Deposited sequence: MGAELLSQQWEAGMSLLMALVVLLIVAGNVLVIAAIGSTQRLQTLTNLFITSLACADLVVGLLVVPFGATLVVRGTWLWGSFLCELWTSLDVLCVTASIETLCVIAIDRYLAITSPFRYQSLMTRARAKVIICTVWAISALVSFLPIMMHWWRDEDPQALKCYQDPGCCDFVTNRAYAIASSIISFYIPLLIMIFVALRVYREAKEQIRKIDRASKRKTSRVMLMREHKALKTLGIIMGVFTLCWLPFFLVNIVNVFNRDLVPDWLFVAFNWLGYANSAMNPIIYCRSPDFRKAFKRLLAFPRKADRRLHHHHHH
């Protein structure tokens, strides 16, 4: 009884601390490696840094908070922090997929208009892109949440909003679909379309130089495909719930959300296909 709890509490607190550590280590590495290598300060990696910041925010803030909830069984941090926690969660996924769109666009341009691309893309402009992405993302995630557009009238819903120990995120059907379409599905579709255009013009192509490039593009390809596998199952279930809560077991809907959080750990590992990243990872770790 009370032993079964202690075992679970402490073993979970461990797995959580491990994930926290892996995300936070992995992404600090990426930021520092780009931060301390002129070789690796390309325009494209500015977008990678932005992406790794998003994952960093999942490691320091999203996952710790969510861990305390999973381990201890309730929300211990009050109303305001619960909403702000939810905000940051939605914020991160949105910035992540929007940054992936920028990256696929950056690559499409650089590959079919290398001349137009050169005279257009500068450092001051890649900064503007990155902030515009974070602004759009914060707009679409904070405001509806802090304005309670996500709330429902249900008895269950109000049971939970009054209770300070509840941080369930029970939303209405409108917010569920709007949020999914605006935060995930639309950028997901843009990023697919632009990723297959990029793959067309990739095949339709000094040989050593082109192999090294296509290695980098596949890396980016993997980045995207894995982000899509980690999140697509959750946003599919998010939708289907609105029409039928009986079609998918609750535990799996929770699982799928964690799979999402887990994606924050994967990019630094995947960037180990790069010799340049790998040399900077070792040099840094001292």
Unmodelled ranges, which are counted on the deposited sequence from position 1 and given in order: 1 to 2, 208 to 219, 301 to 315
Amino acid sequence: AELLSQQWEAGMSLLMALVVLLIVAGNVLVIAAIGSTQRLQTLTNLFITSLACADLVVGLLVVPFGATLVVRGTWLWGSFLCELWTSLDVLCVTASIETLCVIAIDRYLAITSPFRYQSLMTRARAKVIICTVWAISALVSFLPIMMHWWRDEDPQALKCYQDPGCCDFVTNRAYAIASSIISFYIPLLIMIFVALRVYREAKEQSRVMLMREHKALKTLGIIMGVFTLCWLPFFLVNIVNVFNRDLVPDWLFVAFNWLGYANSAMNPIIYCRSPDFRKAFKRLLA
From here on, numbers count along this sequence of modelled residues.
Between 206 to 214 and 187 to 195, which has the higher average C-alpha B-factor in the PDB entry? 206 to 214
For 90 to 98 versus 139 to 147, entry-based mean Cα B-factors point to 139 to 147
Options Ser180, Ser113, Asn172, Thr132 - largest CA temperature factor per the record: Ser113
Between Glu201, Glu83, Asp152, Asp168, which one tops the list for C-alpha B-factor in the PDB entry? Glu201
Where does the C-alpha B-factor of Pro64 rank in its chain, lowest, middle or highest third? middle
Assigned third (lowest, middle, highest) for the C-alpha B factor of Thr37: highest
Tell me, lowest, middle or highest third: where does the Cα B factor of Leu220 rank within its chain? middle
Could you place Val24 in the lowest, middle or highest third of its chain by Cα temperature factor, using the values in the record? middle
Please place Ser264 in the lowest, middle or highest third of its chain according to the CA B-factor in the PDB entry. middle
